[PDB]
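Student: Dumping the structure here so I can ask a few things about it.
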Number of protein chains: 2
Amino acid sequence: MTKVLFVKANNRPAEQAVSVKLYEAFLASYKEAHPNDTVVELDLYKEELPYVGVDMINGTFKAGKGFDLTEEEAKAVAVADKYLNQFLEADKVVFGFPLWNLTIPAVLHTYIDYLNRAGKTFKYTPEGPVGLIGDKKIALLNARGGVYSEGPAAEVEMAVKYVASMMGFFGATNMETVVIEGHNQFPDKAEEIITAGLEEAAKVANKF
Amino acid sequence: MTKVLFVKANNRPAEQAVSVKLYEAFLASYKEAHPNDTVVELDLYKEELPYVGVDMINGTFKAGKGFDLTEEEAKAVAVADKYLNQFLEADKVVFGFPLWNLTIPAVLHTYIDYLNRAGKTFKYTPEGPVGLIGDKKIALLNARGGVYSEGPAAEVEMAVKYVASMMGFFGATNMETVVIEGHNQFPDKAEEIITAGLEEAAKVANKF
Ligand SMILES: [Cl-]
Ligand SMILES: [Cl-]
């Protein structure tokens with residue numbers, strides 16, 4: 001069966017978080033369109049996500065070489081490996097996140113840090129890195145209260161741009177992006193903006 | 001006495017991390033120039049930095065209003081408050097960080113998340129937010145192995161740009177930035193690049 005992983009990075013209620021409403025609608029539409037696919041949800045707010053530091057950096061280096069590790073190094077590699085393996089095994093991955101403080105939630109930042117692994121998501125070559133996830137389909141789902149595609153905030157969008165950039169580095173192509181934006185900044189258009197976004201979400205989900 | 005806070009976000013050894021070498025040289029130069037200033041180091045890798053989620057978001061909202069909180073909400077606010085208060089009390093703050101995966105370490109991302117607080121680092125007004133840290137001097141110290149000021153990576157620098165953007169939102173002005181870049185990409189120039197950077201660090205530190 002096709003394996004689809006949904007990575008959710010917002011534990012606020014749907015009633016208050018358009019990004020969660022977006023995620024839920026895409027999820028529901030995907031399941032309706034493809035009921036035989038094995039869909040798994042990874043809720044990053046239910047996971048233990050130790051931060052990447054020296055133990056995880058040295059650890060992954062040593063692990064890759066088959067060298068001895070401290071217990072703390074081994075534990076760090078094992079955490080990263082769990083998520084990385086699940087991500088690699090997925091045929092399709094859907095990221096659902098808000099824009100908070102110009103970027104993604106720090107939980108998703110740590111998750112992405114785990115996915116960067118030589119020999120797994122990219123490889124070094126004498127002419128530069130080559131991404132290894134070319135076959136994997138990725139969808140990015142973001143809601144943000146202000147507009148970031150134009151105007152004074154356009155140069156500081158670091159949420160979608162962040163995720164897209166790292167996925168591109170890993171070799172992902174033809175990614176789908178659904179953005180709902182502006183509903184808090186233009187409150188009189190909030191209902192229209194979200195409705196349109198949720199319809200877009202269902203269309204994308206049906207082709208994804 | 002003037003109060004200076006150094007926020008360190010890299011637990012790799014100086015011998016291997018130019019960003020740590022940079023931080024240490026700026027620190028040493030600052031202390032030599034201003035030995036009577038009270039300098040405190042906050043090493044984010046020694047701190048417990050719970051991620052920002054619904055408890056911390058609801059919690060801070062409720063706290064601000066003087067409303068009742070769950071124990072988990074109260075604990076989240078208290079963590080954020082500890083760091084926020086220390087940051088507010090500092091006359092000067094120095095951030096030392098690498099560029100990893102296009103951005104700052106996730107520990108520093110969570111730290112910055114804590115600093116965003118209505119009534120503390122900014123205020124809402126009927127004509128938009130006004131930053132409240134205009135009097136605070138900020139220095140940003142970054143090292144990165146590749147070049148991000150020009151070339152194919154220039155559009156994806158999200159480490160300095162991230163920190164600068166949030167500090168600017170809080171109302172910081174005339175910030176000092178010291179960047180050492182390119183030493184891994186141009187290894188034959190690594191010694192020259194780092195030496196020049198450490199000299200720049202000492203100059204800035206003497207005026208800071
Ligand atoms: Cl560590
Ligand atoms: Cl939470």
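Note on naming: chains are A, B, ... as they come in the structure tokens, residues start from 1 per chain, ligands start from 1 in the order shown.
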Give me the residues within 8 Å of residue 140 in chain B as a ChimeraX atom specification, counting only C-alpha atoms and dropping any in the same chain fewer than 3 places off.
Tutor: /B:94-96,160,163-164,175-178
Student: Limited to N, CA and C atoms, could you put the picked residues into a file as a PDB file, in the first residue's frame?
Tutor:
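Writing the result to selection_27.pdb gives the following:
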ATOM      1  N   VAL B  94      24.586  39.972  23.448  1.00  0.00           N
ATOM      2  CA  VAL B  94      25.405  39.457  22.359  1.00  0.00           C
ATOM      3  C   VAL B  94      24.958  38.027  22.048  1.00  0.00           C
ATOM      4  N   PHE B  95      24.550  37.759  20.817  1.00  0.00           N
ATOM      5  CA  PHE B  95      24.178  36.444  20.327  1.00  0.00           C
ATOM      6  C   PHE B  95      25.284  35.822  19.523  1.00  0.00           C
ATOM      7  N   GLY B  96      25.662  34.597  19.865  1.00  0.00           N
ATOM      8  CA  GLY B  96      26.715  33.910  19.163  1.00  0.00           C
ATOM      9  C   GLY B  96      26.088  32.662  18.601  1.00  0.00           C
ATOM     10  N   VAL B 160      21.397  34.847  10.458  1.00  0.00           N
ATOM     11  CA  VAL B 160      21.531  36.290  10.763  1.00  0.00           C
ATOM     12  C   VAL B 160      20.264  37.045  10.435  1.00  0.00           C
ATOM     13  N   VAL B 163      17.534  36.410  13.091  1.00  0.00           N
ATOM     14  CA  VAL B 163      17.752  37.084  14.376  1.00  0.00           C
ATOM     15  C   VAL B 163      17.597  38.601  14.224  1.00  0.00           C
ATOM     16  N   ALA B 164      18.194  39.146  13.166  1.00  0.00           N
ATOM     17  CA  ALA B 164      18.108  40.582  12.866  1.00  0.00           C
ATOM     18  C   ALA B 164      16.672  41.035  12.690  1.00  0.00           C
ATOM     19  N   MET B 175      22.333  47.855  15.437  1.00  0.00           N
ATOM     20  CA  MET B 175      22.902  46.599  15.906  1.00  0.00           C
ATOM     21  C   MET B 175      24.235  46.410  15.234  1.00  0.00           C
ATOM     22  N   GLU B 176      25.130  45.686  15.883  1.00  0.00           N
ATOM     23  CA  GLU B 176      26.426  45.342  15.302  1.00  0.00           C
ATOM     24  C   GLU B 176      26.361  43.905  14.818  1.00  0.00           C
ATOM     25  N   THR B 177      26.940  43.599  13.665  1.00  0.00           N
ATOM     26  CA  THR B 177      26.915  42.226  13.162  1.00  0.00           C
ATOM     27  C   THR B 177      28.359  41.932  12.811  1.00  0.00           C
ATOM     28  N   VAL B 178      28.864  40.786  13.228  1.00  0.00           N
ATOM     29  CA  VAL B 178      30.173  40.300  12.806  1.00  0.00           C
ATOM     30  C   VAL B 178      29.934  38.932  12.181  1.00  0.00           C
TER      31      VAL B 178
END
Student: With a cut-off of 7 Å and counting only C-alpha atoms, select all residues of chain A in contact with chain B and give the selection as a ChimeraX atom specification.
Tutor: /A:10-12,51,53-54,101,106-107,109-110,113
Student: Can you write just those residues out, C-alpha atoms, as an mmCIF file, in the first residue's frame?
Tutor:
data_model
loop_
_atom_site.group_PDB
_atom_site.id
_atom_site.type_symbol
_atom_site.label_atom_id
_atom_site.label_comp_id
_atom_site.auth_asym_id
_atom_site.auth_seq_id
_atom_site.Cartn_x
_atom_site.Cartn_y
_atom_site.Cartn_z
ATOM 1 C CA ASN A 10 0.522 22.931 15.827
ATOM 2 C CA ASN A 11 -1.306 21.723 18.924
ATOM 3 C CA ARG A 12 -3.699 24.638 19.035
ATOM 4 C CA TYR A 51 17.620 19.552 20.275
ATOM 5 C CA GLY A 53 23.842 19.809 19.482
ATOM 6 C CA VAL A 54 27.334 18.334 19.707
ATOM 7 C CA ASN A 101 7.589 34.693 14.542
ATOM 8 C CA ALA A 106 10.736 25.194 16.547
ATOM 9 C CA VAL A 107 9.439 21.577 16.874
ATOM 10 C CA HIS A 109 12.760 23.038 12.896
ATOM 11 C CA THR A 110 14.235 20.212 15.094
ATOM 12 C CA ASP A 113 17.353 19.035 11.511
#
Student: I'd like to know which residues of range 85-190 of chain B are helix (DSSP H, G or I) (by DSSP, run on the backbone); could you write them as a ChimeraX atom specification?
Tutor: /B:85-89,106-115,154-156,160-169,187-190
Student: Please produce an output containing C-alpha atoms for each residue in the selection, written as an mmCIF file, in the first residue's frame.
Tutor:
data_model
loop_
_atom_site.group_PDB
_atom_site.id
_atom_site.type_symbol
_atom_site.label_atom_id
_atom_site.label_comp_id
_atom_site.auth_asym_id
_atom_site.auth_seq_id
_atom_site.Cartn_x
_atom_site.Cartn_y
_atom_site.Cartn_z
ATOM 1 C CA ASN B 85 13.203 39.159 32.256
ATOM 2 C CA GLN B 86 16.946 38.502 32.010
ATOM 3 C CA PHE B 87 16.915 39.789 28.420
ATOM 4 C CA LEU B 88 14.954 42.933 29.363
ATOM 5 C CA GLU B 89 17.242 43.644 32.310
ATOM 6 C CA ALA B 106 16.652 25.393 17.144
ATOM 7 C CA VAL B 107 17.643 26.172 20.788
ATOM 8 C CA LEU B 108 18.066 29.815 19.801
ATOM 9 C CA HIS B 109 14.858 29.684 17.807
ATOM 10 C CA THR B 110 12.967 28.643 21.021
ATOM 11 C CA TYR B 111 14.807 31.311 23.051
ATOM 12 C CA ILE B 112 13.684 34.003 20.593
ATOM 13 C CA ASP B 113 10.151 32.630 20.671
ATOM 14 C CA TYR B 114 10.199 33.278 24.426
ATOM 15 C CA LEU B 115 11.208 36.947 23.893
ATOM 16 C CA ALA B 154 22.568 34.419 -0.933
ATOM 17 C CA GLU B 155 18.745 34.097 -1.082
ATOM 18 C CA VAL B 156 18.592 31.332 1.577
ATOM 19 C CA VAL B 160 21.531 36.290 10.763
ATOM 20 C CA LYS B 161 18.514 37.452 8.788
ATOM 21 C CA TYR B 162 16.223 35.642 11.240
ATOM 22 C CA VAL B 163 17.752 37.084 14.376
ATOM 23 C CA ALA B 164 18.108 40.582 12.866
ATOM 24 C CA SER B 165 14.489 40.573 11.756
ATOM 25 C CA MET B 166 13.055 39.646 15.152
ATOM 26 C CA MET B 167 15.391 42.063 16.999
ATOM 27 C CA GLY B 168 14.272 44.785 14.565
ATOM 28 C CA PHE B 169 10.647 43.952 15.235
ATOM 29 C CA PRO B 187 39.726 26.219 2.412
ATOM 30 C CA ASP B 188 42.939 27.816 1.052
ATOM 31 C CA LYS B 189 41.699 31.145 2.458
ATOM 32 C CA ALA B 190 40.348 29.789 5.762
#
Student: Closest to ligand 1 among A:206, A:70, A:173, A:195, using only C-alpha atoms and all ligand atoms?
Tutor: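 Distance minimum relative to ligand 1 lands on A:70.
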Student: DSSP on the backbone, then: every residue of chain B marked strand (DSSP E or B), written as a VMD selection string.
Tutor: chain B and resid 3 to 8 38 to 43 92 to 98 100 103 118 122 to 123 130 to 131 137 to 144 158 176 to 181
Student: Tell me, as a list in words, which residues lie within 12 Å of residue 71 in chain A, counting only C-alpha atoms; anything in the same chain fewer than 3 positions away does not count.
Tutor: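 Selected residues are residues 55, 56, 59, 68, 74, 75, 76, 77 and 78 of chain A.
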Student: From the list B:28, B:44, B:14, B:99, which residue is nearest ligand 1 when using only C-alpha atoms and all ligand atoms?
Tutor: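 Of the candidates, the smallest distance to ligand 1 is held by B:44.
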Student: Can you pull out the residues contacting residue 136 in chain A? Cut-off 8 Å, using only C-alpha atoms, and skip same-chain residues under 3 positions away; I want them as a compact mmCIF listing (two decimals) with N, CA and C atoms, in the first residue's frame.
Tutor:
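Full text of part.txt as output:
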# COMPACT_ATOMS: atom_id res chain seq x y z
N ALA A 90 8.25 6.71 3.80
CA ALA A 90 7.03 7.31 3.26
C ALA A 90 7.20 7.61 1.76
N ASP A 91 6.21 7.20 0.97
CA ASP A 91 6.09 7.60 -0.42
C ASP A 91 5.74 9.06 -0.58
N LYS A 92 4.89 9.56 0.33
CA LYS A 92 4.43 10.94 0.27
C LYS A 92 4.50 11.49 1.68
N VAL A 93 4.81 12.78 1.81
CA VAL A 93 4.84 13.45 3.14
C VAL A 93 4.16 14.79 3.06
N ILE A 133 16.10 12.27 -2.24
CA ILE A 133 14.64 12.04 -2.17
C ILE A 133 13.82 12.48 -3.40
N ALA A 172 13.87 17.04 -3.42
CA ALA A 172 12.44 17.01 -3.74
C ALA A 172 12.10 17.95 -4.91
Student: Between CA of residue 18 in chain B and CA of residue 180 in chain B, measure the distance and give it in Å to one decimal.
Tutor: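 If I compute the distance from CA of residue 18 in chain B to CA of residue 180 in chain B, I get 8.0 Å.
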Student: With distances taken over only C-alpha atoms and all ligand atoms, which of B:37, B:81, B:47, B:73 is nearest to ligand 1?
Tutor: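 Closest to ligand 1 of all the choices is B:47.
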Student: Could you tell me how far CA of residue 19 in chain B sits from CA of residue 134 in chain B, in Å to one decimal place?
Tutor: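 These two atoms are separated by 26.8 Å.
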